[PDB]
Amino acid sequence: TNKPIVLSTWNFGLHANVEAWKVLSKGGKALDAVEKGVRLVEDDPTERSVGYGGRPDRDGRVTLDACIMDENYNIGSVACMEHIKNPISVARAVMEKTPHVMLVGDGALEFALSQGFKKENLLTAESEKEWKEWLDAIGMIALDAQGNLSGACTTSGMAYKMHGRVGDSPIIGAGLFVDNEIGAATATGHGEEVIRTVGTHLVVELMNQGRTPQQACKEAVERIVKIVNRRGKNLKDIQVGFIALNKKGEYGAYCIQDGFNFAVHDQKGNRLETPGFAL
């Protein structure tokens, strides 16, 4: 087993990975490492797709989505929540502190305030300016030193989405799925398409059915390529990629289109790698 190891989506994943490695390199839990890592990007206002610099919906509101899943089937999720900069920690709190698994809208903000999170204005002058002018997610999965898996996914969703729109990031089996006997996967791309195909639950069930992380990501994407063609859609218009990790610390990735990148931090260091791709 290659462990610990963290992977996360896109360039900003390298930095997010340095925060996660601070936990993991000291034999910390995968759960704490992935929450710590994606929180770095939620706090960053120049990170315009996750938390605090997020581009608002078409009504000018920054509403955030997130979910988390640990090594023993516990899960927490929040969607279309406003004024809380760290939705991954409110999602963790849904998991640890309620009988429920997903809270949305005003009920999710009411629960967050009840837990001590502080209401903040997440609309930056830069995002407000671009919004009025107009008028993706970070996923991270990790295997810690105990050989346990966890993942976290967080986004501001599509810029100028309809008020109330939810993507794949707060949905288990769409933006994130972890099963500690098999592996973990997180998704990148168009929310709607990852939901439609329930993509990450499919990646992990193909690792369950014997596939390598890389093979599983590729076959999943290829299943998605066949569905957009059956839907009569042009592949150039839709993107979807996955990164995956199994129990032995092997990892893989694949996407419909070229141009995505993901960060891998293990004991060889942190690096940006480039997936295989179909088109």
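Position 1 is the first residue in the sequence shown; the rest follow in order.
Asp136 preceded by how many uncoordinated deposited residues after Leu135 | In the record, 10 or more residues between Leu135 and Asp136 lack coordinates.
Using the B-factors recorded in the PDB entry, average over the C-alpha atoms of 144-152 and of 120-128, then report which stretch comes out higher.
-> Stretch with the greater average CA B-factor: 120-128.
Output the stretch having the higher mean C-alpha B factor in the entry; the candidates are 71-79 and 187-195.
-> It is 187-195.
Looking at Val34, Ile243, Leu64, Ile238, which has the highest CA B-factor as recorded?
-> That would be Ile238, according to the entry.
Pull the Cα B-factor of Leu7 out of the PDB entry and bin it into the chain's lowest, middle or highest third.
-> Answer is lowest: the recorded C-alpha B-factor places it there.
Once the chain's modelled residues are ordered by C-alpha B factor and cut into thirds, is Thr200 in the lowest, middle or highest one?
-> For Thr200, the deposited C-alpha B-factor lands in the lowest third.
Among the chain's modelled residues, which third holds the C-alpha B-factor of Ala253?
-> Middle third by C-alpha B-factor.
Chain thirds of CA B-factor: placement of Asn208 = Middle third by C-alpha B-factor.
Split the chain's modelled residues into thirds by Cα B-factor; is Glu96 in the lowest, middle or highest one?
-> Middle third by C-alpha B-factor.
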